[PDB]
Amino acid sequence: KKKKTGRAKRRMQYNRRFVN
Amino acid sequence: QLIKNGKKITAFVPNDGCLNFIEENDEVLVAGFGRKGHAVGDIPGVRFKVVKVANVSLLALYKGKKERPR
Amino acid sequence: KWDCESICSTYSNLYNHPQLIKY
Amino acid sequence: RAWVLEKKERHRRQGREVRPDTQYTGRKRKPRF
Amino acid sequence: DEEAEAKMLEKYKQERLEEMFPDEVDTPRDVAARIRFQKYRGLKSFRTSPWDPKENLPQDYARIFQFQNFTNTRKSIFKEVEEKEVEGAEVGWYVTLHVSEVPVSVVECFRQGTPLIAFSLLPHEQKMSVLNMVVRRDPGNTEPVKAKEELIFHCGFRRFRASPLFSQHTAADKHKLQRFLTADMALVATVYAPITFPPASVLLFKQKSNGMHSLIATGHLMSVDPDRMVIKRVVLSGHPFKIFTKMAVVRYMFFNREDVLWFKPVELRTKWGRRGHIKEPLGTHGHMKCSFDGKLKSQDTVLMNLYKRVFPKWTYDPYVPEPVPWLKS
Amino acid sequence: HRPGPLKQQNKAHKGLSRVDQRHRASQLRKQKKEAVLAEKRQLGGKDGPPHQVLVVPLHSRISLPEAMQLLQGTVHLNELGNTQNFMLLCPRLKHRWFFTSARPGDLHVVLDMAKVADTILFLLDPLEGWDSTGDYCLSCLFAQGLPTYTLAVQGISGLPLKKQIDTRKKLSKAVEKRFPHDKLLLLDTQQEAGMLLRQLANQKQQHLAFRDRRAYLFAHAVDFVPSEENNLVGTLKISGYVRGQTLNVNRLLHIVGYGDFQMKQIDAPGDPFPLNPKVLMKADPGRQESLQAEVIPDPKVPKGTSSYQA
RNA sequence: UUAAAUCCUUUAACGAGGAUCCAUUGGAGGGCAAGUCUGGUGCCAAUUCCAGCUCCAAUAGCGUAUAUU
RNA sequence: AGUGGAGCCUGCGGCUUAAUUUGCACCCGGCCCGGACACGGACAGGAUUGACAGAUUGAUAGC
């Protein structure tokens, strides 16, 4: 699909790096 | 042959596909190869690269974004 | 007696030449 | 391609971690505009 | 009506087959493979192996002209048109030209209002020769174009109809035939046409059913020489059904026994890189023993290349029918 | 093999004025400016051929007769079966025009009228850039070769004011995928028509190499004198301005839609449209005149014995 | 609002699910961030050219040339 | 004491061959069978199964 852009992409990257 | 001073140089085209957008007697915009005035560490004796042919870039021509006139 | 490589010696190269324009 | 192979063998002799030598060692990724 | 649709679907399937399997030809189960492929040979390396340019030229080459040195002759003609001063009507002069033998129809053409222009030819520019003229594909048109169908050529103020030959645009000595106009890269069209000195622009048109000319390609006249050879390639594939150590028994590539003897000296190659030679026919069914440089996989497909020089067809027609005004489909 | 200490190794023993530059630059500048002045003076002046302009409307919403009414110094209107191509003289601006027009889609009309044109004027509509027919014509015209071109729009002032500016904004973007750095003139009124005519007269000319190496001609008048009418083959008298190079009668004359022909005489009658208001020039010598030679002018076994055991 | 406008600001009405109202630009399989990847093409499994996948970086911005620090 | 010389046999190459299998595997002839899915055709006016007799065949055989 479409990728998230802006704050949402950084939120995705943060949850991917540290949360899980 | 450069316009403003008549000097002959040898310019580099990125690949073989970009060479067919270039024709004899066409006007071409040229930049340096990239190491501030030095030649190429892989290719002997060439220092300049072709950036535009007929006022359209080679990147737009290669990626099919624009057409060039003749 | 022929094969695909020997029969190539049969073909000539001196009959249908186009007319040459000189310098 | 042989130049990158020489440099990677240099880095192997010097005792540091080197990427595994594969089919894609010296391979032009794209034309550069 | 619908048979045009049938031929269109056949051409679509044949193009898809060509872009999937490039020049693979099924061996004829009826006619002997040394009769269909009599005028063929094998090359060890397609690039480096020689080929005589004057060998076995057709009758049509008896009718055309050729330049001993095209570059120096072009330089001489361009120099004598830029430097010298011939006594003739000068630029800007309103002249009238008395031209000898013209059909009446041209005159009536001016009478509905179509533009009617003329130009003066350089020396040697009326004689017929072979034009090697580079074209790509215009992305608006995706319908297939086969190799030797008729097309309308706009080349340097001249407009004509011909059957081209589509060839690879590479730097080698001989160039492989392309059986279709492939819609991603730059190919060469080879035509019997009157001589024109480059530069000149190329516009390939396909005449349609409703009268429109659809634009299929664009490019420049690269060279004027009949010494450019187009090399048709035929790929014959057999199956290695009995595998030993560096030796195999290959079937289905040939069916007669002496066909294997006929195409014996041509080297072999596999789809996974293994090369080798035919050792000997097995017998009466075209099975063969071939010696390869390594062990083979069970899914392998042995294949062999045969090369024949092709020339274009003389269909030079100086008359092009007028279009109907183009509209989008 | 690296030798060690037992091998003999010996270390090597190391061991213009300001005024002269100003004058030279002035000399070179004078040379360049006089060359440019001669070349710009040649086209469209009294000693040269008319400035020939092809008007092409790139949409079906564009009213071409409105634009060619706006474009028409004195107007000498040559007129044909369907087309009206006129001569314009502007002696105040000292420049001579021949305006032709052609509709896209008609391939041979636009391709001939664009392979003789000095200027191509592409007409546009304010809302969409071009049509599909206009896009097809653009592909063909770019492929064949563009001369000097100018982009003119026709319907900006008809829109309500509060959108006009931003309308033009979108239009420029819509243009920039094919015409990257080009000014969009507006052709609505007679004053803007004069501005466009001024922009067309003074503008640098793109030189197309093929037609510049060759002597070409656009027919302004044509007449037919048949040797035998039933034969339908006779002498053709074609009248127009020589454009490309000096014209030699000893050469073959190719008519574009109808192949090459042998020409026999060149006469120079009076110029019908001079900028500021019967002599035969050259006849063909039947000896050095080229001929139409496209193709080469030289034309003991028993009955049942099988083939094995035999 | 302003000279008169425009823009902004304020406010009616319509205006969001693939919320298709769709973010790009470069680089990575020799070292700073980032690969044990795929398919064509030639040369003698190694290996020139071409198109992709995957990852990384900054982000309404991001590469390049040149000069300069 | 020989072998290398001679006759014969055998092994690798090579040559002939339909095959002279190879680091009964080979050849010449004859049987037997051999997807579903999708879409388009034929099918109760009939899809399709079985069959005595005679024949081709190197021989017989509703294969």
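Residue positions are given from 1 per chain in written sequence order; they need not agree with the entry numbering, and residues without coordinates are hidden. Both sets of labels track the order of writing: A upward for chains, 1 upward for ligands. Any value quoted here refers to the chains shown, not to the larger assembly they are part of. Derived side-chain values reflect all non-hydrogen atoms in the structure, with water molecules and hydrogen atoms excluded from consideration. Residues with missing side-chain atoms are left out of burial classes, side-chain pairs and their counts.

Structure determination for this entry, per the PDB record, employed cryo-EM and reached 3.1 Å resolution.

The next point concerns the protein's contact with RNA strand H. Only a single heavy atom is needed: when it lies within 4 Å of a molecule or strand, its residue is near that molecule or strand. As a structural note, the neighbourhood of RNA strand H is formed by E:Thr245, E:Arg257, E:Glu280, E:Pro281, E:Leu282, E:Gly283, E:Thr284, E:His285, E:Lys289 and F:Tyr308. In RNA strand H, the atoms that sit within 4 Å of the protein are 72% sugar and phosphate, with bases accounting for the remainder. Two N or O atoms count as a polar contact when they lie within 3.5 Å, although within protein this holds only if one can serve as hydrogen donor and the other as acceptor, and sequence-adjacent residues are included solely when both atoms are side-chain atoms. A distance of 3.4 Å separates a sugar or linking oxygen of RNA strand H from a polar side-chain atom of E:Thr245. E:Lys289 is positioned with one of its side-chain polar atoms (N or O) 3.2 Å from a phosphate oxygen of RNA strand H. Of the residues contributing to the surface near RNA strand H, the split by class is three nonpolar, four polar and three charged. Throughout, the ten residues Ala, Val, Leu, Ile, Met, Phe, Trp, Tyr, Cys and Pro are labelled nonpolar, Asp, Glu, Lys and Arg are labelled charged, and all others, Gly among them, are labelled polar.

Residue contacts are counted whenever heavy atoms from the two residues lie within 4.5 Å of one another. When the six pairs of chains in contact are compared, the highest contact count belongs to chains E and F. As for chain D relative to chain A, no contact occurs, and the smallest C-alpha gap between them is 24 Å. The least C-alpha distance between chain A and chain F, which are not in contact, is 25 Å.

The next subject is the packing of helix α3 (residues 107–115) of chain F against helix α4 (residues 132–144) of chain F. Residue and element names in this part refer to chain F. Axes here refer to lines fitted to C-alpha atoms; in helices the fit is confined to the stretch in contact. Angles between the N-to-C directions go from 0 to 180 degrees. Secondary structure counts use DSSP, requiring at least four H or I residues in a row for a helix and at least two E residues in a row for a strand, with both numbered from the N terminus. Where α3 contacts α4, the two axes come as close as 11 Å, and the packing angle between them is 40°. The pairing of α3 with α4 is recorded here as oblique in orientation. In the crossing of α3 with α4, the sense of the turn from one axis to the other is right-handed. Residue-level inspection shows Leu107, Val110, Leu111, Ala114 and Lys115 of α3 in contact with α4, the latter providing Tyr136, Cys137, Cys140, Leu141 and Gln144. Its residues placed into classes, the contact of α3 with α4 shows eight nonpolar, one polar and one charged. With respect to orientation, any angle under 35 degrees is reported as roughly parallel, any angle over 145 as roughly antiparallel, any angle of 65 to 115 as roughly perpendicular, and every other angle as oblique. The handedness criterion is simple: a crossing whose near helix is rotated anticlockwise from the far helix by less than a right angle is left-handed, and one whose near helix is rotated clockwise is right-handed.

This paragraph deals with the interface of chain E and chain B. Facing the nine residues of chain E at the interface are six residues of chain B. Once two parts are joined, some of their accessible surface, as seen by a 1.4 Å probe, is lost; buried area is that loss totalled over both. Together, the buried faces of chain E and chain B total about 650 Å²; carbon and sulfur atoms form 40% of this surface. The largest per-residue losses of area from chain E upon contact with chain B belong to E:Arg136, E:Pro199 and E:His220, which jointly make up 61% of the total buried on that side. Counting across the interface, chain E meets chain B through two residue pairs in polar contact. Residue composition of the side of chain E that touches chain B, grouped by class: three nonpolar, four polar and two charged.

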